[PDB]
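Novice: Let me begin by handing over the structure; questions about it come next.
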Amino acid sequence: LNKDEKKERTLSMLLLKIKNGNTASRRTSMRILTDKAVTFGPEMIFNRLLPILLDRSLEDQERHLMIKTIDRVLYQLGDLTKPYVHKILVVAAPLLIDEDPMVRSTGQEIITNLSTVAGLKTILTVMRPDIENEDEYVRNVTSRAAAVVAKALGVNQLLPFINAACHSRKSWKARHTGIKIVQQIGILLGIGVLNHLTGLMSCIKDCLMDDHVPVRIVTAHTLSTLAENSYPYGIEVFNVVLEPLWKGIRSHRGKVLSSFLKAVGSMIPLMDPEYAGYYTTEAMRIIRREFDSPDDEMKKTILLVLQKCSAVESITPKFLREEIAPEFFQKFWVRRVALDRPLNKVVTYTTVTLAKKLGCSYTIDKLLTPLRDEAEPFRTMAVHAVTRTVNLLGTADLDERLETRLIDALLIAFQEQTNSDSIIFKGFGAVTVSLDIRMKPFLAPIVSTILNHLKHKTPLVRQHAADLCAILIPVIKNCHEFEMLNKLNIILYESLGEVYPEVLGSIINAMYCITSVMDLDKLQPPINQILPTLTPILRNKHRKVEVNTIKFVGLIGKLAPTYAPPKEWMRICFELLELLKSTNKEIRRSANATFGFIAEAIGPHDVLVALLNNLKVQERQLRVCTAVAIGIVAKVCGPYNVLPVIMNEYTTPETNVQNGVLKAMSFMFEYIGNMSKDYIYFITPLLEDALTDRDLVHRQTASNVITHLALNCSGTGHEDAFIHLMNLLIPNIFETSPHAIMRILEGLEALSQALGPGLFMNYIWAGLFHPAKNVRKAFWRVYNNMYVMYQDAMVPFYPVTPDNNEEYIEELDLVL
Amino acid sequence: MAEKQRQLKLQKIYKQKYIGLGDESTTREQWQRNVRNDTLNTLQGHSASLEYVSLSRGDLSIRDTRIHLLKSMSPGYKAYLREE
Amino acid sequence: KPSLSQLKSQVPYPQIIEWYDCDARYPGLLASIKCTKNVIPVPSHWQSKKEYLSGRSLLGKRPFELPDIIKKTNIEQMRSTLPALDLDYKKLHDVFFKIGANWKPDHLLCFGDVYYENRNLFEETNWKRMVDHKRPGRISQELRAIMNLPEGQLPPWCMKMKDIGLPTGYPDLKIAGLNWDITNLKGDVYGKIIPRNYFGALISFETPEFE
Amino acid sequence: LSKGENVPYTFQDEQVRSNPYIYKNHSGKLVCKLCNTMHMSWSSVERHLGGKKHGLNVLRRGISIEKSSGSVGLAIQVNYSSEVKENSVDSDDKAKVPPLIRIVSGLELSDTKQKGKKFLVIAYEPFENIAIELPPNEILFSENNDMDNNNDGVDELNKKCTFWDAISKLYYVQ
Amino acid sequence: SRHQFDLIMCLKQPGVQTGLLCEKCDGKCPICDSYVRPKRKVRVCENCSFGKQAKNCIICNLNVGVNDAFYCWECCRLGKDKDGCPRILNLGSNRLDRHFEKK
RNA sequence: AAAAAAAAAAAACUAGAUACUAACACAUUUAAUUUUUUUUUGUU
Ligand SMILES: [Zn+2]
Ligand SMILES: [Zn+2]
Ligand SMILES: [Zn+2]
Ligand SMILES: [Zn+2]
């Protein structure tokens, strides 16, 4: 007791620490559980742990921490009794319905692990009494749970269970949820339903004919999910169910006719061209009859059938313009549509899919009246449709008149906008990019509007004003007005001192698009005055300002190195080297990219001293990014400049400077692909000391050098240095820790292609069997990787003689 | 922990794709069978090493040597030759 | 579990077989592989619990030294290490390509070598370099000061060679005043040993040019 | 933490150390050369010295060291300080011990160049040693001068033929 | 992936369709996460394409993908190119713990 | 007078001290599409 009650205390203290505890506390207690999970009784682990998850006081944060523990224990113990299976399904099962897909996925990993742990037989015995439940919620849950189990264990093993529930005459809800299981199985497997669809079809067909309507509807939705997930192939099976859908459509009306038209509508694109024409023309009558249906469901289905039928070749586009289209636009573009999003998406996408058959000028023609409507959120939807339609079809169809009215409505609806959205930018941009040469007579007022909007007091309208310039700059070059480029660039450079960062970044982006396009010498400010006004901006903190500023400065580094004096460039370097403490990634990547531009601009040796001075800092981001910077400098200005300086720097006694030296060398090797050959020979005595050194970090990082060196230096004909390097590596095979061992293994694999498969194998065959169960476990891994890289390449190299193995091969000893 | 548990999984996958991969304990027979299959596949695959085996064995046709090599991959093929 | 004496009898090179090789699952096969032609044995730091490196050997290792070719480039004086650069790009580019084209490390390693913990290459290279320069018949000035043997004076063992004869392993060794003229003794040398194209000769050597 | 002391690197080829063990290797980390331990910070070092294993290694080094390692005569008159500097040290620490003489063979010298003669070395705690070359194989080497009285002092030489005027600080030897 | 162990790839027979990367993961080898020197386009199996999941990035499988994903030159030299479909399935512990850490 | 032919530390437990690795991840994320769940019950 008192000895084992101490264990009962340890599990409680641990679980407490994970749920409510410090970060470094729970982080270690997780390790303690994962390593000690086998020695604690799963009766005690789950018996203690599960009661926590039932109460309502737990937050999502504290809940996921317990969930993670459940997953880590289940994946280990490997065998579990059925009561705990039922409990874990009671806790984990509700997660599949949760509001956000993260909780869905993490609750899904539980059941997909338990399905393997608990095995096939147990879970099915747990579900059988559950499907019969009178509750709606539980049945809803374990439909999804049952599907997750189905994908996890394969569907065929669980199929006769579904057949039993579906075909069961005993209970009705068993039929219902037994049919829903086919829904979520169809969803999870995706296209992979396919081969199983016949077996699944054993359920649906007869289960469709139940006297109760809510089953008849569920089967209709299953036919839709299977029909869409299948795609064209599945036709041959659905022919058996194709007949009753028609005797169901022509009668039941109401909410059922919606479901059956969803089914048949989803069946259309997989039908042969002969039948497609028939079944479409049959469906279109009911569609037109049902236009006035107030029900959201039925409208949603109508948009589906119109959505699919346009792809059918039988119906002609003239047939659509004469009849279906005008009845479409007037009914489904009513401003009451624009208020609810889920139906907005469907109407817009339906119009877009109709744009293929219909004329582009016809679709856009019907879409100009909604653009000129007064309602703002309605004009927004009217924008979305034009955006996606123009993206697909292009502007080549448009006559000058529609081309004028469209852009007019886009200017108007552009200037009154409220919410922040790119749909105008892209869309109003997608227009410009398409018709750009034809844009010229319209370009003068547009820019003027921008020049007004920049002076507006609201920050959003200033964002949206600056953003639209960056899209126009390329088409403004195509329209040849350079004076407008200069006038813009001047006005932006004057507005460049704005307070609000979110607008200022966009301003600098427009500056970027202007500078890349226009002739460098003709820029008014000019660049030489531009840059010293940029250098204080790098300290603006935030992010977007930093990102856009850095990319722009890099653009200057490419195009205009000679203007700013080298001392100013050094100010830039000292600001960036400080700036890359930023938490964001692209900030650091862009910064490191700019060091190549500056090192090319001014010189390598003035930058390198500054970088190497920064490797003495404790933080890891700084050291690693300065390593990448040294790599890029070595690439752009050549390795012969950087290599002696770095090899000198490696002599320092400090650890972090040495590791940084090795890493910077890794990057500078992977950046120059072929070169790499002249430079080895010098660095093998540098790797000599790295692979020898006591701590496990040098031996790790140096092997990474050996990977990038041996891969692209192979076949060059050195090969006497790689034998040396290998002779230094092989003893490291026994080393533990994940990071060193993966880098060492990668190193041996790279050296396999420098030495060759046989010359590399001569080391391994020895301990490839061996008594020691460990040396064996270590070498079979390298033999695995070598076998994956080489199968017929190792064939001459096996250590096999006629008396070494029983059969051998009699034909290897033949000589002619 | 989780890393090793991925190592086992990729082990099971690559052992399926590439057939023979030694894990830790593999019997000498289990490994020598893989060696035999690789060697025979090289002998048959390259038309060079197939010409060499065909002329050396003096068989009447190339296809006889190739099918001889394929058949040799089954264990019972030795005994089958002995019953002739 | 066949005894290793029974096991060593199967092997053409029985001296490799070890007491633990007896205990393998497949000793007959393992003894055939391990003594097969070119197979190099497993590194020997298994069965040791020291994590393959214990500082006892590692405490006294030298931090690093640049190759003499790179040390010639003068960076050692420019950047101070233990305890603005103004370098010529033509110079550095000539060091790696033109000057150091054929330069290779002094030692490297052979095929069969494997680096065990207590091994140190810095001594072995000094031993090769030792055997190269140090020769019979010659003595350095420092060792002559240690022996108090001025130049032009025969070493003290010359008499025991007069009685007993010349060195056995040095038949061609010529010593002043015995088998070799006494006047030719000068400075540090009192004795001296006095006993193609390989089809691919490149006949032209041209490095890739920078300009 | 370090008490401002400079801990030299292992390779610097030896200012006396406090503890002549803890170093910094070619890398950054701190080492104890006896126990062969790597320490991250000086506090961990102070815990090593205050640890039990380091004591065991110090003792084992202690044992390891403790197991291995009618005629003519001359007369000399050596004079010493006149209460000039000996006024600061009077704590009966061998103060009662008189100067000592020994005959040393030149076969061993700090330079080891020439040799082959003896020296009559004379030593006193503070002052520096003094030597006198004795080419003659034997002089004044008497035969039972006194009547065999056994207070060896240091050796037969010292009692036999030395006088220490401690009141005047004059050491006579003959 | 390379840096994150809990991730599980697909590794099925690559289909005829090219994977896609989000703007954030843009320009990265799906295997070793190397930004430099691309070589070939990735190809994903049927069961990794199907519907909306096809549009997601093949690394983070959250954001929508835009550019085609490339194997770096080294992963083509090692042959890790042709292993199979290099699509990550689960999201990993890091992303989830971020999501619930923030809120 | 002599020579000494080259190997020792632990492990375990429990807590505490401190370096460090992995271009690890860090503000974007939302216009086709599945948590959208009810005893069917919206009429030329
Ligand atoms: Zn110590
Ligand atoms: Zn896939
Ligand atoms: Zn991504
Ligand atoms: Zn790659």
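Ordering of the structure tokens sets the chain letters (A, B, ...); residue numbers start at 1 within each chain; ligands are numbered from 1 in the order shown.
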Throw together the list of residues within 8 Å of ligand 4, counting only C-alpha atoms (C1' of nucleotides) and all ligand atoms, and drop it here as an MDAnalysis selection string.
Specialist: chainID E and resid 28:34 71:76
Novice: Export, as a short mmCIF file (atom, residue, chain, number, x, y, z; two decimals), in the first residue's frame, the selected residues with C-alpha atoms.
Specialist:
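What landed in result-v1.cif:
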```cif
data_model
loop_
_atom_site.label_atom_id
_atom_site.label_comp_id
_atom_site.auth_asym_id
_atom_site.auth_seq_id
_atom_site.Cartn_x
_atom_site.Cartn_y
_atom_site.Cartn_z
CA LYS E 28 10.85 24.39 -50.25
CA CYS E 29 11.74 20.77 -50.86
CA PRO E 30 9.06 18.62 -49.17
CA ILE E 31 11.76 16.24 -47.90
CA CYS E 32 14.68 18.17 -46.42
CA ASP E 33 13.14 21.68 -46.46
CA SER E 34 15.89 23.20 -48.60
CA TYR E 71 12.36 18.46 -55.06
CA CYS E 72 15.76 19.97 -54.39
CA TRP E 73 18.69 18.71 -56.42
CA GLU E 74 20.20 16.69 -53.56
CA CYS E 75 16.97 14.83 -52.76
CA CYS E 76 16.88 13.94 -56.46
#
```
Novice: Write out as a list in words which residues come within 9 Å of residue 34 in chain C when counting only C-alpha atoms (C1' of nucleotides), dropping same-chain ones fewer than 3 positions away.
Specialist: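 Result of the neighbour search: residues 765, 766 and 767 of chain A; 16, 17, 29, 30, 31, 37, 38, 39, 40 and 41 of chain C.
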Novice: Which residues form the shell of 12 Å around ligand 1 when you count only C-alpha atoms (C1' of nucleotides) and all ligand atoms, given as a PDB file with N, CA and C atoms, in the first residue's frame?
Specialist:
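The resulting file, selection_1.pdb, is shown below:
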```pdb
ATOM      1  N   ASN D  19      43.579  26.697  -7.470  1.00  0.00           N
ATOM      2  CA  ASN D  19      43.534  25.247  -7.575  1.00  0.00           C
ATOM      3  C   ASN D  19      44.168  24.839  -8.899  1.00  0.00           C
ATOM      4  N   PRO D  20      45.259  24.083  -8.878  1.00  0.00           N
ATOM      5  CA  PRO D  20      45.986  23.834 -10.127  1.00  0.00           C
ATOM      6  C   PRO D  20      45.374  22.719 -10.956  1.00  0.00           C
ATOM      7  N   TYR D  21      44.053  22.756 -11.135  1.00  0.00           N
ATOM      8  CA  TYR D  21      43.345  21.699 -11.846  1.00  0.00           C
ATOM      9  C   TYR D  21      42.397  22.245 -12.902  1.00  0.00           C
ATOM     10  N   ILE D  22      41.373  22.984 -12.473  1.00  0.00           N
ATOM     11  CA  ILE D  22      40.338  23.465 -13.376  1.00  0.00           C
ATOM     12  C   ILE D  22      40.959  24.279 -14.502  1.00  0.00           C
ATOM     13  N   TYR D  23      40.647  23.901 -15.737  1.00  0.00           N
ATOM     14  CA  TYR D  23      41.144  24.594 -16.916  1.00  0.00           C
ATOM     15  C   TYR D  23      39.965  24.900 -17.827  1.00  0.00           C
ATOM     16  N   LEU D  30      34.575  24.217 -19.085  1.00  0.00           N
ATOM     17  CA  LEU D  30      35.551  24.117 -18.009  1.00  0.00           C
ATOM     18  C   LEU D  30      35.811  22.653 -17.680  1.00  0.00           C
ATOM     19  N   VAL D  31      37.033  22.341 -17.259  1.00  0.00           N
ATOM     20  CA  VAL D  31      37.426  20.955 -17.031  1.00  0.00           C
ATOM     21  C   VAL D  31      38.124  20.821 -15.685  1.00  0.00           C
ATOM     22  N   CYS D  32      38.005  19.635 -15.091  1.00  0.00           N
ATOM     23  CA  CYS D  32      38.826  19.232 -13.957  1.00  0.00           C
ATOM     24  C   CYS D  32      39.719  18.079 -14.392  1.00  0.00           C
ATOM     25  N   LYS D  33      41.024  18.336 -14.475  1.00  0.00           N
ATOM     26  CA  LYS D  33      41.906  17.372 -15.122  1.00  0.00           C
ATOM     27  C   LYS D  33      42.062  16.084 -14.319  1.00  0.00           C
ATOM     28  N   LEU D  34      42.004  16.147 -12.989  1.00  0.00           N
ATOM     29  CA  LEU D  34      41.952  14.916 -12.207  1.00  0.00           C
ATOM     30  C   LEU D  34      40.730  14.086 -12.568  1.00  0.00           C
ATOM     31  N   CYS D  35      39.551  14.568 -12.189  1.00  0.00           N
ATOM     32  CA  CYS D  35      38.328  13.797 -12.344  1.00  0.00           C
ATOM     33  C   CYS D  35      37.856  13.701 -13.785  1.00  0.00           C
ATOM     34  N   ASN D  36      38.481  14.427 -14.708  1.00  0.00           N
ATOM     35  CA  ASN D  36      38.104  14.398 -16.119  1.00  0.00           C
ATOM     36  C   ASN D  36      36.636  14.776 -16.294  1.00  0.00           C
ATOM     37  N   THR D  37      36.238  15.856 -15.633  1.00  0.00           N
ATOM     38  CA  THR D  37      34.857  16.306 -15.651  1.00  0.00           C
ATOM     39  C   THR D  37      34.734  17.626 -16.397  1.00  0.00           C
ATOM     40  N   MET D  38      33.653  17.740 -17.161  1.00  0.00           N
ATOM     41  CA  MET D  38      33.313  18.949 -17.891  1.00  0.00           C
ATOM     42  C   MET D  38      32.209  19.688 -17.149  1.00  0.00           C
ATOM     43  N   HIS D  39      32.459  20.959 -16.854  1.00  0.00           N
ATOM     44  CA  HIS D  39      31.549  21.807 -16.107  1.00  0.00           C
ATOM     45  C   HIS D  39      31.164  22.996 -16.971  1.00  0.00           C
ATOM     46  N   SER D  44      29.081  25.244 -10.951  1.00  0.00           N
ATOM     47  CA  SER D  44      29.229  23.795 -11.026  1.00  0.00           C
ATOM     48  C   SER D  44      30.653  23.370 -10.699  1.00  0.00           C
ATOM     49  N   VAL D  45      31.633  24.206 -11.041  1.00  0.00           N
ATOM     50  CA  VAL D  45      33.015  23.919 -10.675  1.00  0.00           C
ATOM     51  C   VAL D  45      33.180  23.956  -9.163  1.00  0.00           C
ATOM     52  N   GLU D  46      32.711  25.033  -8.529  1.00  0.00           N
ATOM     53  CA  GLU D  46      32.767  25.130  -7.077  1.00  0.00           C
ATOM     54  C   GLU D  46      32.016  23.992  -6.402  1.00  0.00           C
ATOM     55  N   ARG D  47      31.024  23.411  -7.079  1.00  0.00           N
ATOM     56  CA  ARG D  47      30.355  22.236  -6.536  1.00  0.00           C
ATOM     57  C   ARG D  47      31.187  20.981  -6.756  1.00  0.00           C
ATOM     58  N   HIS D  48      31.983  20.953  -7.826  1.00  0.00           N
ATOM     59  CA  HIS D  48      32.900  19.839  -8.034  1.00  0.00           C
ATOM     60  C   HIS D  48      33.969  19.806  -6.953  1.00  0.00           C
ATOM     61  N   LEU D  49      34.637  20.940  -6.727  1.00  0.00           N
ATOM     62  CA  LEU D  49      35.636  21.009  -5.668  1.00  0.00           C
ATOM     63  C   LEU D  49      35.026  20.696  -4.310  1.00  0.00           C
ATOM     64  N   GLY D  50      33.784  21.114  -4.084  1.00  0.00           N
ATOM     65  CA  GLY D  50      33.092  20.797  -2.853  1.00  0.00           C
ATOM     66  C   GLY D  50      32.439  19.433  -2.902  1.00  0.00           C
ATOM     67  N   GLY D  51      32.659  18.703  -3.995  1.00  0.00           N
ATOM     68  CA  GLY D  51      32.107  17.378  -4.160  1.00  0.00           C
ATOM     69  C   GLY D  51      32.992  16.301  -3.555  1.00  0.00           C
ATOM     70  N   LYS D  52      32.417  15.106  -3.429  1.00  0.00           N
ATOM     71  CA  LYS D  52      33.123  13.985  -2.823  1.00  0.00           C
ATOM     72  C   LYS D  52      34.100  13.298  -3.766  1.00  0.00           C
ATOM     73  N   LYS D  53      33.768  13.179  -5.055  1.00  0.00           N
ATOM     74  CA  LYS D  53      34.641  12.455  -5.973  1.00  0.00           C
ATOM     75  C   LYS D  53      35.975  13.166  -6.154  1.00  0.00           C
ATOM     76  N   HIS D  54      35.953  14.496  -6.264  1.00  0.00           N
ATOM     77  CA  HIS D  54      37.198  15.239  -6.394  1.00  0.00           C
ATOM     78  C   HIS D  54      38.117  15.014  -5.206  1.00  0.00           C
ATOM     79  N   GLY D  55      37.566  14.936  -3.995  1.00  0.00           N
ATOM     80  CA  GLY D  55      38.388  14.603  -2.844  1.00  0.00           C
ATOM     81  C   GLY D  55      39.052  13.246  -2.987  1.00  0.00           C
ATOM     82  N   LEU D  56      38.284  12.241  -3.415  1.00  0.00           N
ATOM     83  CA  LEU D  56      38.851  10.912  -3.622  1.00  0.00           C
ATOM     84  C   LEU D  56      39.992  10.954  -4.627  1.00  0.00           C
ATOM     85  N   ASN D  57      39.802  11.667  -5.738  1.00  0.00           N
ATOM     86  CA  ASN D  57      40.881  11.786  -6.712  1.00  0.00           C
ATOM     87  C   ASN D  57      42.092  12.516  -6.146  1.00  0.00           C
ATOM     88  N   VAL D  58      41.880  13.527  -5.301  1.00  0.00           N
ATOM     89  CA  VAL D  58      43.009  14.229  -4.697  1.00  0.00           C
ATOM     90  C   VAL D  58      43.793  13.297  -3.784  1.00  0.00           C
ATOM     91  N   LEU D  59      43.094  12.490  -2.982  1.00  0.00           N
ATOM     92  CA  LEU D  59      43.788  11.531  -2.125  1.00  0.00           C
ATOM     93  C   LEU D  59      44.530  10.486  -2.947  1.00  0.00           C
ATOM     94  N   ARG D  60      43.884   9.936  -3.976  1.00  0.00           N
ATOM     95  CA  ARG D  60      44.534   8.927  -4.809  1.00  0.00           C
ATOM     96  C   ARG D  60      45.775   9.493  -5.485  1.00  0.00           C
ATOM     97  N   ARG D  61      45.731  10.771  -5.865  1.00  0.00           N
ATOM     98  CA  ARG D  61      46.948  11.428  -6.330  1.00  0.00           C
ATOM     99  C   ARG D  61      47.966  11.573  -5.208  1.00  0.00           C
TER     100      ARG D  61
END
```
Novice: Go through the chains and note each residue within 9 Å of ligand 2, using only C-alpha atoms (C1' of nucleotides) and all ligand atoms, then give the set as a list in words.
Specialist: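 The residues within 9 Å of ligand 2, counting only C-alpha atoms (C1' of nucleotides) and all ligand atoms, are residues 9, 10, 11, 12, 13, 14, 15, 43, 44, 45, 46, 47, 48, 49, 84, 85, 86, 87, 88 and 89 of chain E.
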Novice: Just the selected residues (N, CA and C atoms), exported as a CSV table (one decimal), in the first residue's frame, please.
Specialist:
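The new file again_33.csv reads:
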```
chain,number,residue,atom,x,y,z
E,9,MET,N,4.2,11.1,-43.5
E,9,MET,CA,4.0,11.3,-44.9
E,9,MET,C,3.0,10.3,-45.4
E,10,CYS,N,2.7,10.4,-46.7
E,10,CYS,CA,1.8,9.5,-47.4
E,10,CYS,C,2.6,8.3,-47.9
E,11,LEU,N,3.5,8.5,-48.9
E,11,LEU,CA,4.3,7.4,-49.5
E,11,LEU,C,3.4,6.4,-50.2
E,12,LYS,N,2.7,6.9,-51.3
E,12,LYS,CA,2.0,6.0,-52.2
E,12,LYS,C,2.5,6.2,-53.6
E,13,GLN,N,2.0,5.5,-54.6
E,13,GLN,CA,2.4,5.7,-55.9
E,13,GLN,C,2.1,7.1,-56.4
E,14,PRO,N,3.1,7.9,-56.8
E,14,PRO,CA,2.7,9.3,-57.3
E,14,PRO,C,1.9,9.2,-58.5
E,15,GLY,N,0.8,10.0,-58.5
E,15,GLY,CA,-0.1,10.2,-59.6
E,15,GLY,C,0.5,11.1,-60.7
E,43,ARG,N,4.8,15.0,-57.3
E,43,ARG,CA,3.6,14.4,-57.9
E,43,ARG,C,2.9,13.6,-56.7
E,44,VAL,N,1.6,13.7,-56.6
E,44,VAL,CA,0.8,13.1,-55.5
E,44,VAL,C,-0.1,12.1,-56.0
E,45,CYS,N,-0.4,11.1,-55.2
E,45,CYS,CA,-1.3,10.0,-55.5
E,45,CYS,C,-2.7,10.5,-55.5
E,46,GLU,N,-3.6,9.7,-56.2
E,46,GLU,CA,-5.0,10.0,-56.3
E,46,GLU,C,-5.6,10.3,-54.9
E,47,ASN,N,-5.4,9.5,-53.9
E,47,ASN,CA,-6.0,9.6,-52.6
E,47,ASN,C,-5.5,10.9,-51.9
E,48,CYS,N,-4.5,11.5,-52.4
E,48,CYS,CA,-4.0,12.8,-51.9
E,48,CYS,C,-4.5,14.0,-52.7
E,49,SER,N,-5.3,13.7,-53.8
E,49,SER,CA,-5.8,14.9,-54.6
E,49,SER,C,-7.3,15.1,-54.3
E,84,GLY,N,7.7,8.2,-53.0
E,84,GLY,CA,6.3,8.1,-53.1
E,84,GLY,C,5.7,9.5,-53.0
E,85,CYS,N,4.4,9.5,-52.6
E,85,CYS,CA,3.7,10.8,-52.4
E,85,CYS,C,4.2,11.5,-51.2
E,86,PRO,N,4.9,12.6,-51.3
E,86,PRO,CA,5.4,13.3,-50.1
E,86,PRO,C,4.5,14.3,-49.5
E,87,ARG,N,3.3,13.9,-49.2
E,87,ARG,CA,2.3,14.8,-48.6
E,87,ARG,C,2.1,14.4,-47.1
E,88,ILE,N,2.3,15.4,-46.3
E,88,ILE,CA,2.1,15.3,-44.8
E,88,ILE,C,0.6,15.1,-44.6
E,89,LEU,N,0.3,14.2,-43.7
E,89,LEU,CA,-1.1,13.8,-43.3
E,89,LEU,C,-1.6,14.6,-42.0
```
Novice: Counting only C-alpha atoms (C1' of nucleotides) and all ligand atoms, what residues are within 7 Å of ligand 3, given as a PyMOL selection string?
Specialist: chain E and resi 21-22+24-25+57-63
Novice: Would you kindly report the residues of chain C within 10 Å of chain F, using only C-alpha atoms (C1' of nucleotides), as an NGL selection string?
Specialist: :C and (50 or 54 or 56 or 118)
Novice: Keeping only N, CA and C atoms, write those residues as a PDB file, in the first residue's frame.
Specialist:
```
ATOM      1  N   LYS C  50      31.733   4.194 -22.226  1.00  0.00           N
ATOM      2  CA  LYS C  50      32.263   5.542 -22.066  1.00  0.00           C
ATOM      3  C   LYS C  50      31.672   6.557 -23.039  1.00  0.00           C
ATOM      4  N   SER C  54      35.837   9.796 -23.897  1.00  0.00           N
ATOM      5  CA  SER C  54      36.049  10.237 -22.531  1.00  0.00           C
ATOM      6  C   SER C  54      37.251  11.168 -22.526  1.00  0.00           C
ATOM      7  N   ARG C  56      39.734  11.902 -20.975  1.00  0.00           N
ATOM      8  CA  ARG C  56      41.085  11.554 -20.543  1.00  0.00           C
ATOM      9  C   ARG C  56      42.080  11.674 -21.688  1.00  0.00           C
ATOM     10  N   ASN C 118      41.878   6.729 -28.455  1.00  0.00           N
ATOM     11  CA  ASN C 118      43.199   7.130 -27.986  1.00  0.00           C
ATOM     12  C   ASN C 118      44.169   7.460 -29.109  1.00  0.00           C
TER      13      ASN C 118
END
```
Novice: Quick one: everything within 10 Å of range 446-451 of chain A, counting only C-alpha atoms (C1' of nucleotides), minus sequence neighbours fewer than 2 positions away in the same chain. Send it as number ranges by chain.
Specialist: A: 407-408, 411, 414-415, 442-444, 453-456, 461-462, 464-469, 472, 476, 484, 487-488, 491-492
Novice: Write out as a PyMOL selection string all residues of range 7-36 of chain C that DSSP puts in alpha helix (DSSP H) for this structure's backbone.
Specialist: chain C and resi 7-8+27-34
Novice: Restricting the output to N, CA and C atoms, write the selected residues as an mmCIF file, in the first residue's frame.
Specialist:
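File written: again39.cif
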```cif
data_model
loop_
_atom_site.group_PDB
_atom_site.id
_atom_site.type_symbol
_atom_site.label_atom_id
_atom_site.label_comp_id
_atom_site.auth_asym_id
_atom_site.auth_seq_id
_atom_site.Cartn_x
_atom_site.Cartn_y
_atom_site.Cartn_z
ATOM 1 N N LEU C 7 35.754 -23.340 -34.155
ATOM 2 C CA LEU C 7 35.383 -22.284 -35.083
ATOM 3 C C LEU C 7 36.578 -21.708 -35.830
ATOM 4 N N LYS C 8 37.710 -21.500 -35.154
ATOM 5 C CA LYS C 8 38.916 -21.024 -35.819
ATOM 6 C C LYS C 8 39.427 -21.982 -36.888
ATOM 7 N N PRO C 27 27.423 -18.391 -36.072
ATOM 8 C CA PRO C 27 28.885 -18.258 -35.975
ATOM 9 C C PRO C 27 29.621 -18.764 -37.202
ATOM 10 N N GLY C 28 29.140 -19.840 -37.821
ATOM 11 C CA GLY C 28 29.802 -20.350 -39.010
ATOM 12 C C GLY C 28 29.783 -19.360 -40.155
ATOM 13 N N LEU C 29 28.666 -18.657 -40.326
ATOM 14 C CA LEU C 29 28.571 -17.659 -41.383
ATOM 15 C C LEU C 29 29.354 -16.401 -41.031
ATOM 16 N N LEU C 30 29.219 -15.924 -39.791
ATOM 17 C CA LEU C 30 29.936 -14.726 -39.368
ATOM 18 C C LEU C 30 31.442 -14.908 -39.487
ATOM 19 N N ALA C 31 31.949 -16.084 -39.114
ATOM 20 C CA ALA C 31 33.377 -16.338 -39.254
ATOM 21 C C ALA C 31 33.796 -16.332 -40.714
ATOM 22 N N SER C 32 32.876 -16.655 -41.620
ATOM 23 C CA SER C 32 33.191 -16.586 -43.039
ATOM 24 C C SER C 32 33.180 -15.154 -43.550
ATOM 25 N N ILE C 33 32.217 -14.341 -43.112
ATOM 26 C CA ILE C 33 32.170 -12.949 -43.555
ATOM 27 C C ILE C 33 33.350 -12.166 -42.998
ATOM 28 N N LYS C 34 33.539 -12.205 -41.678
ATOM 29 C CA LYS C 34 34.524 -11.337 -41.039
ATOM 30 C C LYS C 34 35.927 -11.568 -41.579
#
```
Novice: Could you work out which residues of chain D fall inside 10 Å of chain A? Count only C-alpha atoms, and format the result as a PyMOL selection string.
Specialist: chain D and resi 9+24-29
Novice: With only C-alpha atoms counted and 8 Å as the cut-off, give the residues of chain E in contact with chain A, each with its shortest interatomic distance in Å and the pair that gives it, as a Markdown table.
Specialist:
```
| residue | atom | partner | partner_atom | distance |
| --- | --- | --- | --- | --- |
| E:36 | CA | A:671 | CA | 6.9 |
| E:37 | CA | A:671 | CA | 8.0 |
| E:46 | CA | A:191 | CA | 7.2 |
| E:47 | CA | A:192 | CA | 5.9 |
| E:50 | CA | A:191 | CA | 5.6 |
| E:51 | CA | A:190 | CA | 7.4 |
| E:74 | CA | A:711 | CA | 7.0 |
| E:77 | CA | A:711 | CA | 7.5 |
| E:78 | CA | A:789 | CA | 7.0 |
| E:79 | CA | A:789 | CA | 6.9 |
| E:90 | CA | A:105 | CA | 7.8 |
| E:96 | CA | A:102 | CA | 6.8 |
| E:100 | CA | A:61 | CA | 5.4 |
| E:101 | CA | A:61 | CA | 6.6 |
| E:103 | CA | A:61 | CA | 7.5 |
```
